[PDB]
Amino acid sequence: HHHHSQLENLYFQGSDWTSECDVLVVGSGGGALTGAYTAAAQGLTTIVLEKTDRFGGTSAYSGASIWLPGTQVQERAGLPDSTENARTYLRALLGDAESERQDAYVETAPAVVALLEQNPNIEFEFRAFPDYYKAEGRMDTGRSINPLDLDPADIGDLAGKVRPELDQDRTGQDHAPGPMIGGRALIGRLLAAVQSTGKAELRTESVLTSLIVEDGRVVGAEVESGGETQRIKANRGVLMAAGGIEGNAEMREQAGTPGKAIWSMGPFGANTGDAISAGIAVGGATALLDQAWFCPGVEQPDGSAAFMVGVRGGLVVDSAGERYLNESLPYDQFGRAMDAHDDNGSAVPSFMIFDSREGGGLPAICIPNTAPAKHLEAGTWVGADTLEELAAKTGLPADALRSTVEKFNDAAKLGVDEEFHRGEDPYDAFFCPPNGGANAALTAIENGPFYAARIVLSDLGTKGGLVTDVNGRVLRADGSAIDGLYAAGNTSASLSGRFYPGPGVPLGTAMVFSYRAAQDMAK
């Protein structure tokens, strides 16, 4: 499947429009469905194309934490925060680079939240999760909001169409027993809201392949559904919110993107840069293709990874058996530090070192969560009764590994880490239950057996793609808009550059620029 552009005139020699809509949405992530809702709610006929047999993509896997600050939702919680406070935080991290999109992000958040909560299927609440950088306007508790838990019965036939959590989806399973939470709830509610409008068609196994141009304007796109090709006309526009290049090893190697397709937490085979490709084919510029939403990943027997988040013990060594980062860093800064320290394989993989404090468990949240016994049969993890035997089994220098652990244990006994300042930040302390020691993030590694887990450079999607303006319009290298073409989420180059400012920025940006694209199409 290549994403070459089809000219209207050339197609007129043979075929014709299968269907017509005002707004064609490609993808069914948080952005896609927010854009679809915005379009359909104000009377525009809308078609949503999902490539796979399940709506939601990585947005479904998410915890549905959303960085939409200064809204009616944080007002109800009485949060000491504002549009201007969130605007300062972004300015302090990102600078003047993309300041117009920074302004539009923070200024439009309130309207996106107000439009969505109006729908009986949608309600959010503030949930504490710290912002990720020391800077003016940081919220030590967070300012991010989450959809309310959703009883799958309230949405009928849509619950079985929603992609399940990673602990189910990569083991051939559907939703696990309780309610829909995190991204399952975000996608269930957005699907039900889009459907409530009576102006939207929701399609599974409908793949975008090529955009249709007349006289340089996008007028529609051919979508493959069940062996047959269809030609869908879009009177107002095509919103492309179909994710990034995360699943395409060839586009990543070409762009110089660190990590690997097989380490991405995107749904296997889903996000293969189809929409970025179709956008370049009609003259769209690209930026930041070497950038991803990075995270450490626990290497799996099958060669894939698990998102390692909320670290609360252990330490991490490079291939010399030495600490080189604060292991408690927010996952994107952790991942960037693995890549920066990588000297042809000294940091990728890294080795997470831990003891039996958690009964053999690795001291973090791993998504998905493979059983220790499985990692040990497979050799992704190794165990031993001594650090000397552990260094032997991993090929780590034994004397260095022993010094590293003895020095980390002295730091745990003292309650400060001289070397990397672990535990001296509200993000670091957030995940840690009280221990009987001075710093909750620093626990002496001394209760046998001892484990070494392989850590790789995973991602939560790439963040490079098509250049967009404040209204989600796709731009050519010259700054001019391609008429009828919008992109959002990881189809579009993030305003965040080399930064992951706080929880919910991927979904928050996606939802705001999808809303703004719909509004621009309404005219």
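Numbers follow the displayed sequence, beginning with 1.
Visitor: Tell me which stretch has the larger mean Cα B-factor in this entry, 250-258 or 429-437.
Guide: The recorded data point to 429-437.
Visitor: Can you tell me which stretch has the higher mean Cα B-factor, 349-357 or 227-235?
Guide: According to the PDB entry, the answer is 227-235.
Visitor: From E327, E214, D131, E165, pick the one with the largest CA B-factor in the entry?
Guide: Result of the comparison over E327, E214, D131, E165: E214.
Visitor: Return the residue from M139, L190, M308, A391 that has the highest Cα B-factor in the entry.
Guide: Out of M139, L190, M308, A391, the record gives the largest C-alpha B-factor to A391.
Visitor: How does the C-alpha B factor of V25 compare with the rest of the chain: lowest, middle or highest third?
Guide: Lowest third.
Visitor: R91's Cα B-factor: lowest, middle or highest third of the chain?
Guide: Answer is middle: the recorded C-alpha B-factor places it there.
Visitor: Split into thirds by Cα B-factor across the chain's modelled residues, where does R422 land: lowest, middle or highest?
Guide: Its C-alpha B-factor belongs to the middle third of this chain's values.
Visitor: Looking at the C-alpha B-factor of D478, is it in the lowest, middle or highest third of its chain?
Guide: It belongs to the highest third of the chain when residues are ordered by C-alpha B-factor.
Visitor: Ranking every modelled residue in this chain by its Cα temperature factor as given in the entry, which third contains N85?
Guide: Within its chain, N85 is a middle-third residue by C-alpha B-factor, going by the deposited values.
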